[PDB]
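Asker: sharing an experimental structure here, sequence included.
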Amino acid sequence: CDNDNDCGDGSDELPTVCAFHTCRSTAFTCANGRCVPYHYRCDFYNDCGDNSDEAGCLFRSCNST
Amino acid sequence: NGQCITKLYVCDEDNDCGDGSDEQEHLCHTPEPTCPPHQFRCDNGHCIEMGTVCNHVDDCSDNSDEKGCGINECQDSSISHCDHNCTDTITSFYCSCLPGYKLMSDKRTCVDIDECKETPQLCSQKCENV
Ligand SMILES: *[C@@H]1O[C@H](CO)[C@@H](O)[C@H](O)[C@H]1NC(C)=O
Ligand SMILES: *[C@@H]1O[C@H](CO)[C@@H](O)[C@H](O)[C@H]1NC(C)=O
Ligand SMILES: *[C@@H]1O[C@H](CO)[C@H](O)[C@H](O)[C@H]1NC(C)=O
Ligand SMILES: *[C@@H]1O[C@H](CO)[C@H](O)[C@H](O)[C@H]1NC(C)=O
Ligand SMILES: *[C@@H]1O[C@H](CO)[C@H](O)[C@H](O)[C@H]1NC(C)=O
Ligand SMILES: [Ca+2]
Ligand SMILES: [Ca+2]
Ligand SMILES: [Ca+2]
Ligand SMILES: [Ca+2]
Ligand SMILES: [Ca+2]
């Protein structure tokens, strides 16, 4: 249930298998039903599909000290 | 050479021991560790056969092996907002500044080296930064 059509014609991601799926609770949860570790969120990479992992964060990225 | 020096002297860029045992590179510095050249290293201290890095299966404890394989970051200005030059890699990418410039912790910004302050021995009389 990674939201990818691995099994040829999309047969692995069908609703009757994935419908009640959840992922390890420490990981981030994404709008399209895909999970990436929480640190992946907002690192300029759209690791989750579309852009909901990056969307909304302020990209403060330098050593303020 | 048969000499005793205080422990603070052992690595301070001074040949206190005349044989130059003091200041030996193997003593004062550690090379970045690697693994067989036929292999690959993820962010964590792990080394895997290189073919595995893009096999769609997470190998590293941090799952960072598979993350980079699909993106040519230099062609994607959003991720690669580099100041001078960018180069792709099967995992992630690297960014580099032109000669005379240095890179900053965001690993994308470039800044101008004050060569006079950083290396005053460059000019025998006076130095001016540009
Ligand atoms: C800033 O850099 C110093 C080393 O130059 C490092 O010790 C420190 O942890 C860094 N701080 C942050 C917030 O990144
Ligand atoms: C690096 O970037 C500079 C400035 O854009 C450019 O003049 C130079 O040709 C580039 N070098 C390479 C190897 O891409
Ligand atoms: C997935 O999360 C749900 C909560 O919505 C339940 O905890 C369920 O037991 C979980 N199943 C697993 C182990 O993924
Ligand atoms: C060698 O490198 C490691 C990190 O890989 C540590 O920074 C360590 O302190 C280094 N040792 C010396 C003697 O510089
Ligand atoms: C990387 O480190 C290993 C272990 O020390 C071997 O020395 C190998 O030869 C090194 N390879 C490189 C690239 O220096
Ligand atoms: Ca799938
Ligand atoms: Ca991300
Ligand atoms: Ca010394
Ligand atoms: Ca892998
Ligand atoms: Ca890449």
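Answerer: Right, received. Where do you want to start? Numbers count the residues shown, from 1 in each chain, chains lettered A, B, ... in the order given. Ligands and ions are numbered 1, 2, ... in the order given.
Asker: thought residue B:95 was touching residue B:103?
Answerer: Yes - Residue B:95 is within contact range of residue B:103, at 6.9 Å (criterion: C-beta atoms under 8 Å). No exception for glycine: its C-beta is placed from N, CA and C like everyone else's.
Asker: can you show me the helices along chain B?
Answerer: In chain B, helices defined by DSSP state H lie at B:25-28, B:64-67, B:115-118, listed in chain order.
Asker: is ligand 7 within reach of the second one?
Answerer: Spelled out, it's helix B:64-67. No - judged by C-beta under 5 Å from the ion, helix B:64-67 stays clear of ligand 7, getting no closer than 8.7 Å.
Asker: next: stretch A:17-27.
Answerer: No - on the criterion C-beta under 5 Å from the ion, stretch A:17-27 is out of touch with ligand 7, staying 12.1 Å away.
Asker: nearest to ligand 4: which residue in chain B?
Answerer: Relative to ligand 4, the nearest point of chain B is residue B:30 (2.5 Å; C-beta to the nearest ligand atom).
Asker: any idea how far that residue is from ligand 8?
Answerer: Going from residue B:30 to ligand 8 by C-beta to the ion, to the nearest Å gives 18 Å.
Asker: could you pull out the strands for the chain?
Answerer: Looking at chain A here, since you left the chain open. Ranges of strands in chain A, per DSSP state E, are A:28-30, A:34-36.
Asker: ah, no, chain B please
Answerer: With DSSP E as the criterion, chain B has strands spanning B:39-41, B:47-49, B:85-88, B:93-96, B:101-103, B:110-112.
Asker: make TSV from those and add distance to ligand 6 and mean neighbour count to it.
Answerer: Listed next are these as TSV, based on distance: least, C-beta to the ion, whole Å; neighbours: other C-beta atoms under 10 Å in any protein chain shown:
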stretch	distance to ligand 6	mean neighbour count
strand B:39-41	24	17
strand B:47-49	22	14
strand B:85-88	26	15
strand B:93-96	26	17
strand B:101-103	38	14
strand B:110-112	40	13
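Asker: list the residues that contact the closest residue to residue A:21 other than its chain neighbours.
Answerer: Nearest non-adjacent residue to residue A:21, counting by C-beta to C-beta, 6 or more residues apart in numbering or on different chains: residue A:1, 4.4 Å away. Contacts for residue A:1 (C-beta atoms under 8 Å, 6 or more residues apart in numbering or on different chains) come out as A:12, A:13, A:17, A:18, A:21, A:33.
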